[PDB]
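>>> experimental coordinates follow, after the sequence.
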Amino acid sequence: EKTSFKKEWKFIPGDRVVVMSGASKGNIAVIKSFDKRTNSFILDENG
Amino acid sequence: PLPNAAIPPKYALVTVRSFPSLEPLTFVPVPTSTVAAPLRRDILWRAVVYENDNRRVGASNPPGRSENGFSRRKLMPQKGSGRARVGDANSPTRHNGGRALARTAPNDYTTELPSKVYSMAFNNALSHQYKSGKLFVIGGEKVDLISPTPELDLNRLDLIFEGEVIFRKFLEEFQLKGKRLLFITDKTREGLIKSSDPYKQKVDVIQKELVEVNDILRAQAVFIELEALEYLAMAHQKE
Amino acid sequence: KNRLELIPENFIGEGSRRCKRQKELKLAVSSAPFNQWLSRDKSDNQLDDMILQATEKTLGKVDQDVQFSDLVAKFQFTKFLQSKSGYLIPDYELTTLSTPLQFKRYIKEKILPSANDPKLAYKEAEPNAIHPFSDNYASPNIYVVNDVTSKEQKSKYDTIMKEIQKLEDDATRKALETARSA
RNA sequence: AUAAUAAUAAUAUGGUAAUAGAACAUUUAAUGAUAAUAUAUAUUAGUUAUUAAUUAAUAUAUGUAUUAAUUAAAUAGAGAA
RNA sequence: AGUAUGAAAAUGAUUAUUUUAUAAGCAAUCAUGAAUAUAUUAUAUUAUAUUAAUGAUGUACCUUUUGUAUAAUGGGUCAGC
Ligand SMILES: [Mg+2]
Ligand SMILES: [Mg+2]
Ligand SMILES: [Mg+2]
Ligand SMILES: [Mg+2]
Ligand SMILES: [Mg+2]
Ligand SMILES: [Mg+2]
């Protein structure tokens, strides 16, 4: 709860994003939502 | 009489330089006792070991059966159990217990050495360094220079910040990138230290009075001020 | 509606601060003000005349086998020698050797062999190092297998493979092009 | 007039309590090359008058020794409580 | 009582090789047939490894003792301390 940030994110749900260093590295995706506990994003249909 | 009874050579020449590059300015004659002493490795060993001993922190503090957490209760009666006899649960004989002959709080490993011997060792170290050709002396103001000190470079042993770059360049020039070096300085040349701190792992920068035999011996190439050198010589004289 | 690929042309930012700094440092190193009084390194023929030149510069017409007159003169000689040579001499050596001929001899003994053969040079990490060749053992049966580092060899192999790829592949491409043409 | 190795002749080489001398394993600190054809550990078969180390094959790590060696030290060696 | 990893041993089942139903005792050592396994110099009348034919030799270890196979002390085995 202290380590999680709240903006203080570098991105916001809705905007468009490029993903690298994964299995689909170099991907483009809309970030649909975030998971607060994990400080992570969920990406449209891609990523 | 006794034939073959010569008089020994009392001086040795050390070329003074200018520390960003290293351009030879003058020869200085330093006495044989501080720069051409025969290599007495045993003396050196005495010094180094002593130094190491004094440097120890000595924080080995396991719990003895006194300092160990358990109660003093006799776990089992003396007889009737059919088992081995037991005392308190702090005996080193049992896994949870204290340690036998425990070493306790600040352990003192400090040893003595006669001052004269230490001085001799220091001198010997210096001599060794000189013989290697890894002693480099830097200076100017005090002695008459044969060749005139060049421009854009001084004799103070001092320098993104530019200084760091210069230092790097110097290193590149002198083929001593990876090897460890020791700057023995007359005063706190802060700028120099700042420049060097990127290469901190392989660079010692030491004030005159605090230089150690170990530090010299460790160092693959030593850079010393002329004044500092003189001071050292005076300290570890002979008389 | 596509995967962009992460090539530095598509990137737009003021980041990579730790790399930028490094680059800057490199640049500085490449162009920095510095004395550098020993650029090119001294072959034995060169050495033979170098000493003579030094003598001419310093003391004029005097025998090389004869001793130095004064200390200042000696210093001048030695510095000059160092500068022309490229290799600086240990102060002990300077102190000891009392004639230009002697100096030359010393140089021949010490710094010449490492200049010609680079792997015969003196690495400080192993001072008791030894560098034998099949020639040194005065007998046909004795030989020394070549110490070529198992990394260097590998690198060479890789390079060769790359070259082959460049060649054969290129040829194939050419053939394809020809086919396309007619 | 030393050391290392090898000869020749001689004398000596059981051992509890005990005295004396010399080594090895393990771990930490100082100095320290090197390299996935390398290393570490393990199993098997070799080698060196052999508590040790090394060689070959095999298996598992690991982008790699506190590595060789000299010192300093030790929570330094276990079928016996 | 962190997480990975784990061909460490004791311990269980099973399979293979071998020995074993006329033979008697620290279960080893030495001699010595036979059977099996592996080996890119087994050229073989080969070499190693495994294995209780058969023969000889062989009172566990420690402790404490004037003295122990003792039916005197101590230990179920292994791992860690
Ligand atoms: Mg005896
Ligand atoms: Mg112990
Ligand atoms: Mg044990
Ligand atoms: Mg034992
Ligand atoms: Mg008896
Ligand atoms: Mg019992």
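Received, thanks. Numbers count the residues shown, from 1 in each chain, chains lettered A, B, ... in the order given. Ligands and ions are numbered 1, 2, ... in the order given.
>>> run through who's touching stretch C:23-41.
Outside stretch C:23-41, the residues that touch it by C-beta atoms under 8 Å, 6 or more residues apart in numbering or on different chains are B:20-21, B:23, B:150, B:152-153, B:160, B:162, B:164-166, B:168-170, B:172-173, C:82-83, C:85-88, C:115. Quick note: C-beta positions are derived from backbone N, CA and C, even for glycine.
>>> which phi and psi does the spatially closest residue to residue B:26 that is not a sequence neighbour have?
In this structure, residue B:26 finds its nearest non-sequential neighbour in residue B:16, 4.6 Å apart by C-beta to C-beta, 6 or more residues apart in numbering or on different chains. The phi and psi values for residue B:16, taken as degrees, to the nearest 10, are phi -80, psi 140.
>>> my guess is residue B:16 meets residue B:29, correct?
No. Using C-beta atoms under 8 Å, residue B:16 is not in contact with residue B:29; the gap is 11.2 Å.
>>> those two: who's more crowded?
residue B:16 (25 against 13; other C-beta atoms under 10 Å in any protein chain shown).
>>> show me what the more buried one is bridged to.
On the basis of DSSP bridges, residue B:16 is bridged to residue B:26, residue B:137.
>>> ok, it - contacts?
B:24-28, B:137-140, B:143, B:145, B:155, B:226.
>>> any chance you could list what contacts the host helix or strand of residue B:42?
Assigned by DSSP states H and E, residue B:42 belongs to helix B:41-55. Here helix B:41-55 makes contact (C-beta under 8 Å, 6+ apart) with B:109-113, B:117-118, B:120-122, B:124-125, B:128, B:212-214, B:217.
>>> how about whichever helix in chain C runs longest and RNA strand D, touching?
In chain C, with assignment by DSSP state H, the single longest helix is helix C:150-181. Yes. Judged by C-beta under 7 Å from any atom of the strand, helix C:150-181 and RNA strand D are in contact via C:150-151, C:153-154.
>>> turn these into TSV, columns for neighbour count and distance to residue C:48.
Formatted as TSV, the residues of helix C:150-181 next to RNA strand D follow (neighbours: other C-beta atoms under 10 Å in any protein chain shown; distance: C-beta to C-beta, whole Å):
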residue	neighbour count	distance to residue C:48
C:150	8	40
C:151	8	39
C:153	10	38
C:154	10	42
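>>> for the spatially most central residue of chain C, give its distance to residue C:126.
Nearest to the mean C-alpha position of chain C, by C-alpha atoms, centre = their mean, lies residue C:118 at 7.5 Å. Distance of residue C:118 to residue C:126, computed by C-beta to C-beta, to the nearest Å: 16 Å.
>>> for chain B, what lies in contact range of RNA strand D?
So chain B meets RNA strand D at B:45, B:48-49, B:52-53, B:60, B:62, B:84, B:93, B:99, B:103, B:180, B:214, B:218, B:220 (C-beta under 7 Å from any atom of the strand).
>>> hmm, which two among those are most spread apart?
B:84 and B:220 (60.0 Å; C-beta to C-beta).
>>> so for chain A, the centremost residue is which one?
Closest-to-mean residue, chain A, C-alpha atoms, centre = their mean: residue A:41 / 2.9 Å.
>>> that one and residue A:30, how far apart?
10 Å.
>>> run a quick neighbour tally on the residue in chain B that chain C sits nearest to.
Per C-beta to the nearest C-beta, residue B:133 is where chain B lies closest to chain C, at 2.8 Å. Residues contacting residue B:133 under the criterion other C-beta under 10 Å number 15.
>>> ChimeraX command for the buried members of the residues of chain B next to RNA strand D?
Command for ChimeraX, covering only those of these found buried under the criterion 16 or more other C-beta atoms under 10 Å in any protein chain shown:
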select /B:48,214
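>>> just the closest of the residues of chain B next to RNA strand D to residue C:137, please.
The closest of these, once distances to residue C:137 are taken by C-beta to C-beta, is residue B:220, at 33.9 Å.
>>> isn't the closest one right up against residue B:176?
Yes. Using C-beta under 8 Å, residue B:220 is in contact with residue B:176, at 7.1 Å.
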